[PDB]
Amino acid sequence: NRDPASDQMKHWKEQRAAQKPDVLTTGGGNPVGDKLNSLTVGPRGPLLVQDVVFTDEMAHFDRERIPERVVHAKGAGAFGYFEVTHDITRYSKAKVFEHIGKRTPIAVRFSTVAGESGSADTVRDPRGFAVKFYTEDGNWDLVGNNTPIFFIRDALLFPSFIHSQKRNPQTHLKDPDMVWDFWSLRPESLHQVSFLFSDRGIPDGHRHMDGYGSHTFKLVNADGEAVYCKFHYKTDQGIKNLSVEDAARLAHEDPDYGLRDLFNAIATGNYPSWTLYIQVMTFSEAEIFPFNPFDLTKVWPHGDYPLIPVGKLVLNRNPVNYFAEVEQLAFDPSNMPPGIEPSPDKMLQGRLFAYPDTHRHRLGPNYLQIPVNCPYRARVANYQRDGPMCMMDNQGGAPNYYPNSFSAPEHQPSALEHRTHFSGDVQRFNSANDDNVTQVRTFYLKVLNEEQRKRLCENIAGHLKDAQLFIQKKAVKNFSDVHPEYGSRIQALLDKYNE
C-alpha cells in the first residue's frame, strides 16, 4: 500500500478489530443519541440553547489552540531511550551515568527555528534537538541544537535577534533588511552564520544530523570534584544534508518532510540513533583556554579536547497523540540532576530563566503536571501547591510549610550545588569584541574546501543581496575580517545579483 504514516487510520481500525465502537459521549460522559443534527424548533427553526451536545463539543473546538512556541515552533518528536556504554562517573555523579547498561527513557523533539506552526521543514535554519531524560533524580533536559555554536553570546540580544529573524512588525513579511542589518551590527555571529549558509543549513531529515549542547556545562563526581564539559551526540545514520533545489522542492512537495521521514523510519523499525560524547576541561585549563570558555560563539577543538564516549541515544517509539505528547513537550535547560550543573555562560544563564517562564505561559503554571513532562521516574515532594489545572492530589494534605515538624520532605546535603569562586566588579561587561574572526577563519579555510566555499558565498549572496546596499557593505566588510577572500567572493556575486 502506502507508507506507514499515511496508513495511520487503517492500522488503528484493525488493531481495534471486532471490538464494538465506544459510545460517543459528551465531554461530561453523557451518551449522545445523535450528534449530527442540531436540536431545533421545527425542521427549519432556530437552534436551541438547550442543545448542550453542540455547545459542549463546539466549545471545546473553540479552545483547541494553545500558543505555539515562540521559537522552534515547527517540529516533530519521538520517544526512546538512552543506554550507558561507558563509565564516565569519574567526572559526573549523575545517576544517569551510574553504570554501563543503565538505560534511561528519553523524549526528543527536533525542530527548525524561525518558521511558525505551518511552515516547511526543508528550509535553511538551525535545527532543534532537545533531549529529555526521565531520570530517577528528576528530569534532565538537554536542550541542544544541530550546531555547537550560536549567533550571539549575551542573552540580552536574543529577543532582538529572533525578531530580526521573523516577520516585519507591519507588513508581516520576512525582512532581509532586518535579518542582515542585525547580523552586520553583531559580527560575533559570523561563526554560526557561516556554519549556517553551508551544506549544514538544511539537513536531509533529522536522522541525518548531529546534536550538540553548545553551552559549556559542569559535571560533579562523587568526591565533589567539578569539570566543564561539552555534550556531543553524533548520528549513527551518517551526516546527510539536502541541496538548495531539493529542499526548495520539498518545501512545497512535502513541507512536513522531516516529520514523515522520522515517523516512517521508526514505524518500520529502522530506529535512528546517536552516540553521546563529551569534552572534559579543567578550571585550570579554562584558565588557560585562549578564548572565553563559556562564549557560545566558539568551540573546544577536538585536538586539545578529545571526545569521550558516554552512551547511546535510541529513538524507537512514535507519538500516539502528537499534541498531548509532542506539542506539549517542554524542555527546561534548568532541569539538571545533581551531577550536571550549568556554567557561567551568559547565554546559558539566561536560558535557566526563559524555558520554565515561557512554559508557564504556553502550557500553564502547572505544565510539569503534563504526562509527557512529568518526571514519572522520580517522586516529586515539595512545598508548592495549587495553581490552575492542578492534576494529581496536590500532595494531598501534607505540610506545605518548610521547615516543619510533621515529617514532610527534607533537604539533601548530597544534592547540594558545587561552589565555585568569582571575583570582579558586579557590572555589565561589554562582551562585544571577544574575537569574531579566528574560529570563523579556520572554519572557512581548513574545514571547508574550495567547492564548499563556492556554495557558502552563493548561499549568502542569494539572501544578503536583498538587503540594502549599505547593510551589504557592512555585511561584506565583516566577512573580509574573517578573510579578504570571503568578503570579495561574496561581494562579487552581489554586484552580479544587483544585475
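Between two forms, the rigid core is defined as the largest C-alpha subset superposing within 1.5 Å. Throughout, we count residues from 1 along the sequence that is shown.
- Superposing each structure in 6 other deposited structures of this protein on the rigid core shows that the farther-lying of 203-211 and 420-428, by root-mean-square Cα distance, is 420-428.
- In 6 other deposited structures of this protein, superposed on the rigid core, the segment with the larger root-mean-square CA displacement between 474-482 and 14-22 is 14-22.
- Of the two segments examined, 105-113 and 373-381, it is 373-381 that shows the higher average Cα temperature factor in the deposited entry.
- When 331-339 is weighed against 398-406, 398-406 comes out higher, by mean CA B-factor as recorded in the entry.
- Per the PDB entry, 215 shows the highest C-alpha temperature factor of the residues 72, 215, 153, 360.
- When the Cα B-factors of 141, 181, 304, 121 are read from the PDB record, 304 comes out highest.
- Among the modelled residues of the chain, residue 127 sits in the lowest third by CA temperature factor in this PDB entry.
- The PDB entry assigns residue 49 a C-alpha temperature factor belonging to the lowest third of its chain's modelled residues.
- Sort the modelled residues of the chain by CA B factor and residue 24 lands in the lowest third.
- In the deposited entry, the Cα temperature factor of residue 467 sits in the middle third of values across the chain's modelled residues.
- Per the deposited record, the Cα B-factor of residue 243 falls in the middle third when ranked against the other modelled residues of its chain.
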